[PDB]
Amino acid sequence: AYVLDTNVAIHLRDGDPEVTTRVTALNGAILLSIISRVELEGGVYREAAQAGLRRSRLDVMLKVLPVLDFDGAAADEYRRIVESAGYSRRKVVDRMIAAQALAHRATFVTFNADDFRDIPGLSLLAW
């Protein structure tokens, strides 16, 4: 399975033709972290005139892409992350998302691989 990082999913919602083509070619389950769903929901009404469009497009994505609930297994992976890599305030959200990828043995698709290089055992697809 793949877990799309938030920025990748934003590019999907907002119609970036390059990301959309690449995502179409991925094999197996395409998943979203619920943390990413929270981030995507916050952007819907950013630009008022585009609100209805982003609403509809995100709602269509959430009909298809399973959203991973943040569970004890993800928090266990989070604890192992900070145990081995050390604490980082800036990367809490990023690591919660990566922890869900770890918990599901999923490949994490991202534009920001640099911030996830310190996470041991994370399968990464860096775009």
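Don't overthink the numbering: it's just position in the shown sequence, from 1.
Asker: Would 56-64 or 78-86 have the larger average of its C-alpha temperature factors, as given in the entry?
Answerer: It is 78-86.
Asker: When the C-alpha temperature factors are averaged for each of 22-30 and 69-77, which stretch ends up with the higher value in the entry?
Answerer: Higher mean C-alpha B-factor in the PDB entry: 22-30.
Asker: Within this chain, which third does the Cα B-factor at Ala113 fall in: lowest, middle or highest?
Answerer: Highest third.
Asker: Comparing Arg37 with the other modelled residues of its chain, is its CA B-factor in the lowest, middle or highest third?
Answerer: As the PDB entry reports it, the C-alpha B-factor of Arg37 lands in the lowest third of its chain.
Asker: Mind checking which third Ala51 falls in for C-alpha B-factor across the chain?
Answerer: Answer is middle: the recorded C-alpha B-factor places it there.
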